[PDB]
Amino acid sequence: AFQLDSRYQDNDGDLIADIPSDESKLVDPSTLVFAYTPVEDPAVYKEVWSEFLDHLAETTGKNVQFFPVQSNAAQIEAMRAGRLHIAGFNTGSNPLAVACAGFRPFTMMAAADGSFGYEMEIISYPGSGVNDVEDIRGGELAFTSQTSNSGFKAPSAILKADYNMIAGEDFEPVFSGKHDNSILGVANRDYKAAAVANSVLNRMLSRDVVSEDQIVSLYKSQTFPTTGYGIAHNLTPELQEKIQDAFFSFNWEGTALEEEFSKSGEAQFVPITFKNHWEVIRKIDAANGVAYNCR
């Protein structure tokens, strides 16, 4: 029963907003605005995407601008409002971005053999006194933001279903804003427990943002699709095809993109469909009562 906002049409039944055929509704911007997902300080990813965005500019013939958005809500609103044209949305926000911002997802990173994904992990710091999930009872649990799968919705569902633990009764929730804030907060002993994306954790460890001896894992979830990449529904069809081509034609070898994302096992972009690959996420959304009320 997934529903797009009534400002979009879904004539072909693939659950994503159709490209308009009224030419007055299409946009052909002279500057394409791109945003990666704020799982971490976007300053970390500015140079990571730089060469990729140069290739995108050459492929599309447009100027390209990196938008260092700081929260999921701001990123969703920017695409809904027409200011953001191409984005990677965090896994947990793809259904909301599809429904309320007209996001058309088409690709996801994968390993060289086509395997993909990340898991939620619940982490503490060594010596915290929190040595398994059950030890969280009566204490605080750090979440990232309410649109996060691994940072809020998946751990809330797992704790309620498998550990008989609900926020406000069995633990007190706190919100850090970002995976990196949660991971840093655990490493610095601000948080005794946090639910985080282990892909982000591994790249932060590789970049020496935190050290291995500062973090202990207490739980690892099932595997989820990673960040979904896509386009605002109302760019001209010709431009959308060129953007997709730019994603698949970019040569990763020797680039800052490969240097970063090889640290969570990625090597390429592969096609996905929202209907298939995000089914597990829509179910976790429904288990948390998510409505997709765009307001």
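Heads up: residue numbers just count along the shown sequence, starting at 1.
Legend: mean Cα B-factor per stretch from the PDB entry, 223-231 versus 27-35; the higher mean is in 27-35.
The deposited model assigns a higher average Cα B-factor to 166-174 than to the other stretch when 77-85 and 166-174 are compared. Looking only at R137, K153, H179, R203, the residue with the top Cα B factor in the deposited structure is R137.
Highest C-alpha temperature factor among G129, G117, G102, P105, as the PDB entry reports it: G129. Looking at the C-alpha B-factors along this chain, the one for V270 belongs to the lowest third. In the PDB entry, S211 places in the highest third of its chain by CA B-factor. When the modelled residues of the chain are ordered by their C-alpha B factor, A187 lands in the middle third. Per the PDB record, residue ranking by Cα B-factor puts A17 in the lowest third of the chain. Sort the chain's modelled residues by C-alpha temperature factor and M109 lands in the lowest third, per the entry.
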